[PDB]
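See below for the structure under consideration.
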Amino acid sequence: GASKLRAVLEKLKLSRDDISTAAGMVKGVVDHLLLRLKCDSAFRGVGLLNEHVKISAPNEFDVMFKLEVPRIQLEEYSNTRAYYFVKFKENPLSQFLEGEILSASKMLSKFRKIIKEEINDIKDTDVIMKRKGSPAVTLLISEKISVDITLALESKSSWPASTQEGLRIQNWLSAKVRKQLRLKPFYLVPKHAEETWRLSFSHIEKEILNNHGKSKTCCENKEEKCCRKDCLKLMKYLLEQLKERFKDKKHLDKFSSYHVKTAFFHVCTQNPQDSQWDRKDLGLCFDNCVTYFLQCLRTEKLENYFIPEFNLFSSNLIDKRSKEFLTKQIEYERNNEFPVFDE
Ligand SMILES: Cn1ccc(-c2ccc(Cl)c(CNc3nc4[nH]c(Cc5ccccc5)cc(=O)n4n3)c2)n1
Ligand SMILES: [Zn+2]
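Quick note, the sequence shown lines up with residues 161 to 210, 216 to 254, 259 to 301, 304 to 364, 372 to 521 if you use the authors' numbering.
Laid out in C-alpha cells, this is it:
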C-alpha cells in the first residue's frame, strides 16, 4: 500500500534526474528553432506556450509552439463538439487558406520545412528529424532524447460554447478560480476526425497542479502535505507500464495519459477536501483513483474535463474489447499490490 507506493515514487525520482542536461539541450534547440521561425512571414508571432510526456522515459520531451490568430471564426464540425474549421472575415496566413477554411496541412508542411532546414543549419549538436497531425514534428537530439514539437493556434477570445458546463472545479478550487481560468486563451491543434482543428487546454493542467488545494496553503507547509500530484504520477505510470507490457500488441493503443489525467481530475472534483488527499493516505487515495478509472471503463463513460458532452470512452472511439482488457489488467494489478510497477 502506502509504503510500496512511496518506494515506486522514489524510484521514479532517481530515474528522472538522469543528468538533466537534456533539459538544457532541448531548451537550446527550441530557442534556435524559434529564433529562425520568427523571421518567416507566415510565422511572425510564434512562441513557446510555457515539459515531460513520459515519467518512465525522462528522455521523451514535449514542447508546444503557439501562433496567435486574431479575428478567428470557428465553425463546428458535424456535431463533434471538439473539432472546428478556422475561417476569417489581406491576411498574414493567406498562404494556408483553402477557400475560407485554414488548412492545417499546408501550415504543418511549411513548419516541417523550416525546421528541417534549420536543424541541418546547426553543426554543433546532432539533431535528426522524423515525420509521421499531433505531434506535428518529432526530433532526436544526439541519441535517446526525443522532443515532440506541436503547433497551435492561440485565440484570446472567450472559450467556445461547447465548454460551458466544463471545468467543474467550483467545489474544489473555487468559482473564482474557474472564472479566472476561463479568461485565459484557448488553443487549436491539427487533428483528423478534413482540415479540422481540435481544442487544446494543455496549459490548464500546469495551472491547476501548481495550485491544487482547496486551501491556498496546501503543500506549502508540514501540516498540509497532500498526495494529489503523487496519485496522478502513479496513474500515469500504471498506464505506461501496462502499455509497455503490451507494446507488441494493439490491445492498449487507444489509451493515452490524457485518459488518466481526465479521470484523475474528475476524482479531484469528486473529492474536493484536502483532508481526502492526506499524504499519509497515499495507498487509499490512489485506490480511489483506480476504482474510479475502472468504473469509467466498465460504464464506458469518461467525459472530457472541458467539453463534458464528449465521451472519451464512447463505443465509437474505443472498443468494448479493449476496455474490458484494460479493466481485467488493472483489476489484477490492484488485487496483487501492482507488480507491473516492477519493470
Ligand atoms: C490528446 N488528445 C487526443 C484527443 C483529445 C481530445 C478529445 C476530445 C476533446 Cl473534447 C478534447 C478537448 N481538448 C482537450 N481536452 C484535454 N484534456 C486534457 C487532460 C486534462 C483534464 C483535466 C484537467 C487538465 C488536463 C488535456 C488537454 O490538453 N486537453 N485538451 C481533446 N486530446
Ligand atoms: Zn497539496
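Heads up, the beta-carbon is just placed ideally off N, CA and C, and yes, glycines get one too.
In this structure, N389 has its beta carbon at no less than 7 Å from each heavy atom of ligand 1. Leaving aside the five residues that flank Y483 on each side, the residues in its chain whose CB is nearer than 6 Å to its CB run, in chain order, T440, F443.
Per DSSP, reduced to three states, the secondary structure at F253 is coil, with no helix or strand assignment.
If you compare the alpha carbons of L490, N466, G461 with that of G161, the shortest gap goes to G461. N210 is not a Cβ neighbour of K327, given a cutoff of 8 Å.
DSSP, read as helix, strand or coil, puts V234 in coil.
Here the alpha carbons of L239 and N494 stand approximately 25 Å from one another.
Taking a 10 Å sphere around the C-beta of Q451, we find fewer than 16 other C-beta atoms and assign the residue as exposed. It is roughly 30 Å from the alpha-carbon of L410 to the alpha-carbon of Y249. Under DSSP, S317 takes part in a beta bridge, and its partners are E225, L311. In this chain, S329 is not harboured by any beta strand (DSSP E), its DSSP state being neither H nor E. Shown here, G207 sits in a strand according to DSSP, grouped into three states.
In the DSSP assignment, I297 falls within the unbroken beta strand (DSSP E) covering 296–299. The beta carbons of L271 and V251 sit closer together than 8 Å. By the Cβ rule, the segment 194–210 counts as touching the segment 225–240, because three or more pairs are nearer than 8 Å. Classified as buried, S378 has 16 or more neighbouring CB atoms from the shown chains inside 10 Å of its CB. Counting other Cβ atoms within 10 Å of its Cβ, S333 reaches 16 or more and is therefore classed as buried.
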